[PDB]
Amino acid sequence: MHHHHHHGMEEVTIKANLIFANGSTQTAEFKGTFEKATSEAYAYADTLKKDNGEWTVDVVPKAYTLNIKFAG
Ligand SMILES: [Zn+2]
Ligand SMILES: [Zn+2]
Ligand SMILES: [Zn+2]
(Lines give C-alpha, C1' and ligand atoms only; values in the text may rest on other atoms or scores of the structure.)
(Ligands and ions follow the chains in the order given, each with its own letter.)
Protein backbone atom coordinates (compact mmCIF):
# COMPACT_ATOMS: atom_id res chain seq x y z
CA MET A 1 0.00 0.00 0.00
CA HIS A 2 0.94 3.70 0.11
CA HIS A 3 2.68 4.05 3.45
CA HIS A 4 4.20 7.31 4.67
CA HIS A 5 7.06 6.63 7.08
CA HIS A 6 7.48 9.79 9.15
CA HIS A 7 10.89 11.32 9.87
CA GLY A 8 11.66 14.07 12.35
CA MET A 9 12.38 17.44 10.74
CA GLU A 10 10.97 16.30 7.41
CA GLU A 11 10.45 19.01 4.81
CA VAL A 12 8.78 18.00 1.55
CA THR A 13 7.25 19.75 -1.45
CA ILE A 14 3.95 18.52 -2.84
CA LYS A 15 2.78 19.31 -6.37
CA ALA A 16 -0.98 18.72 -6.50
CA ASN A 17 -2.52 18.00 -9.90
CA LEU A 18 -6.29 18.53 -9.77
CA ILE A 19 -8.06 16.76 -12.62
CA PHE A 20 -11.68 17.63 -13.22
CA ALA A 21 -14.43 15.59 -14.83
CA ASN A 22 -14.38 17.70 -18.01
CA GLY A 23 -10.66 17.09 -18.50
CA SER A 24 -9.53 20.55 -17.38
CA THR A 25 -6.84 20.68 -14.70
CA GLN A 26 -5.29 22.91 -12.09
CA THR A 27 -1.98 22.61 -10.23
CA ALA A 28 -0.85 24.00 -6.90
CA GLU A 29 2.17 23.55 -4.61
CA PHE A 30 2.24 22.84 -0.89
CA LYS A 31 5.18 22.66 1.52
CA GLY A 32 5.96 21.41 5.01
CA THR A 33 5.82 18.02 6.68
CA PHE A 34 4.08 15.37 4.56
CA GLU A 35 1.20 15.39 7.04
CA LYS A 36 0.85 19.17 6.93
CA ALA A 37 1.36 19.62 3.18
CA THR A 38 -1.11 16.87 2.22
CA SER A 39 -3.76 18.02 4.68
CA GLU A 40 -3.65 21.48 3.08
CA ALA A 41 -3.93 19.95 -0.39
CA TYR A 42 -6.93 17.83 0.73
CA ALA A 43 -8.58 20.81 2.46
CA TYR A 44 -8.23 22.67 -0.83
CA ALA A 45 -9.71 19.78 -2.81
CA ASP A 46 -12.65 19.70 -0.38
CA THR A 47 -13.48 23.34 -1.21
CA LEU A 48 -13.96 22.23 -4.81
CA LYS A 49 -16.23 19.25 -4.04
CA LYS A 50 -19.33 21.42 -4.10
CA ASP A 51 -19.05 22.13 -7.80
CA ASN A 52 -16.81 19.27 -8.94
CA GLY A 53 -17.86 16.15 -7.06
CA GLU A 54 -16.05 13.59 -4.94
CA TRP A 55 -12.32 13.12 -5.39
CA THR A 56 -9.77 10.33 -5.01
CA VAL A 57 -5.99 10.74 -4.76
CA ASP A 58 -2.87 8.87 -5.78
CA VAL A 59 0.35 9.79 -3.95
CA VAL A 60 3.44 9.46 -6.14
CA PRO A 61 6.93 10.22 -4.74
CA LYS A 62 9.25 11.98 -7.19
CA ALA A 63 12.52 12.70 -5.37
CA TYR A 64 14.47 11.19 -2.48
CA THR A 65 17.54 11.76 -0.40
CA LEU A 66 19.48 8.65 0.54
CA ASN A 67 21.69 9.10 3.60
CA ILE A 68 24.38 6.41 3.37
CA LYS A 69 26.65 6.20 6.42
CA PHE A 70 29.92 4.23 6.43
CA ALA A 71 31.18 2.71 9.68
CA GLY A 72 34.88 2.60 8.79
ZN1 LIG B 1 6.83 2.98 8.36
ZN1 LIG C 1 5.60 12.77 8.07
ZN1 LIG D 1 -0.33 4.98 -6.10
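We're numbering straight along the sequence, starting at 1.
No side-chain heavy atom of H6 sits less than 4.5 Å from a side-chain heavy atom of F34.
Interatomic distance, CG of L48 versus CD of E54, reported as 13.5 Å (0.5 Å rounding). A distance of 12.0 Å separates CD of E10 from NZ of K36, quoted to the nearest 0.5 Å. We find the CD-CD distance between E35 and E40 to be 12.5 Å, quoted to the nearest 0.5 Å.
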What side-chain donor-acceptor pairs closer than 3.5 Å can you find for residues 16-26, not counting sequence neighbours?
unit_1, atom_1, unit_2, atom_2, d
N22, ND2, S24, OG, 2.8
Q26, NE2, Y44, OH, 2.3

Can you give me every donor-acceptor pair (side chain of residues 58-72, partner residue at least two apart or in another chain, under 3.5 Å) with its distance?
unit_1, atom_1, unit_2, atom_2, d
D58, OD1, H2, NE2, 3.3

